[PDB]
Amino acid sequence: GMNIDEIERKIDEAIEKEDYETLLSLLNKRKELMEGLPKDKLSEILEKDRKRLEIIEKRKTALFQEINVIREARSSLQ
């Protein structure tokens, strides 16, 4: 078993490497440990998750920008 702090560290690593499938699995592993945490640690993990979500939402808007440039190229190839 990995401890909460060790999964927390892999979660941020996954996010940085833009490895979202691995992130998914870590969050699902973390889901088991969530119910037996003290309230202060839980609240800091949830606060941290807001910041994590800000990171991937910026990555998502960048993917949409790159998709759109390919749409321009596609029109220009046609």
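Numbers for residues come from their place in the sequence shown, where the first is 1.
Participant: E57: which third of its chain by C-alpha temperature factor?
Facilitator: Ranked within chain, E57 CA B lands in the middle tercile.
Participant: By the record's CA B-factor, is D49 among the lowest, middle or highest third of residues in the chain?
Facilitator: Ranked within chain, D49 CA B lands in the lowest tercile.
Participant: When the modelled residues of the chain are sorted by Cα temperature factor, does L42 land in the lowest, middle or highest third?
Facilitator: For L42, whose C-alpha B-factor we compare with every modelled residue in the chain, the answer is the middle third.
Participant: Looking at the temperature factor on the CA atom of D5, which third of the chain's modelled residues does it land in?
Facilitator: Highest third.
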